[PDB]
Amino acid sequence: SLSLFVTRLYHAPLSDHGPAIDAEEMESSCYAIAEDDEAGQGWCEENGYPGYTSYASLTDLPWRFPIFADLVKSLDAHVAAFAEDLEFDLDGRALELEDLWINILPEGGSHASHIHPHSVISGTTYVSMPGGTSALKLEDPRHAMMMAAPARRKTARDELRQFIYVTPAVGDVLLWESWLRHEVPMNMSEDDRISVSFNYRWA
């Protein structure tokens, strides 16, 4: 019995790499951006978006805001070390940050099932975690292939489970390979869920 074709999930505190980022300093940084983003607040109500995003609103956040430059600098090292875990042949060129956005998720807020095209590593760092429930649902890529295969026991190892629920603490970073189907479950607590998500490309 041998383990093959493994999906790897990178879960580590942000303080393992890069510069120091004060957690309380960046909670308010996300709020000050959200409440100055007139076009972002405007787009979210127009689209029926459950919460706030800067994704289709503000692009270069590390250039505009100094703490985000420090965040990226830390994220680069997190990603580079994850690339080494994934044993990617990268030649000379490393993985570079492609997209980076902010998310504020109030009570009842969810993200649908989605992936991230034209990207190698995707990930999310966590600024505010109330509730103590799952901030990430993560689906088996082989799920569609398993149509005749019986369901797993209630009870099995996490290697085998077809849905993986992640409960990250504040200041944690989660990375995954960009093809991974992932979902952000409904915020069950009254207070906000603040996260910063990002994509890393190669060429």
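For every residue, the number given is its place in the sequence shown, counted from 1.
In this entry, the higher average B-factor at the C-alpha atoms falls on 47-55, of the pair 47-55 and 65-73. In the deposited entry, the Cα temperature factor of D16 sits in the bottom third of values across the chain's modelled residues. Ranked by Cα temperature factor within the chain, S1 sits in the highest third according to the deposited record. The deposited CA B-factor of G40 belongs to the highest third of values across its chain. Ranked by C-alpha B-factor against the other modelled residues of its chain, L90 falls in the lowest third. Placement of the Cα temperature factor of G108 within the chain: highest third of the modelled residues, per the deposited record.
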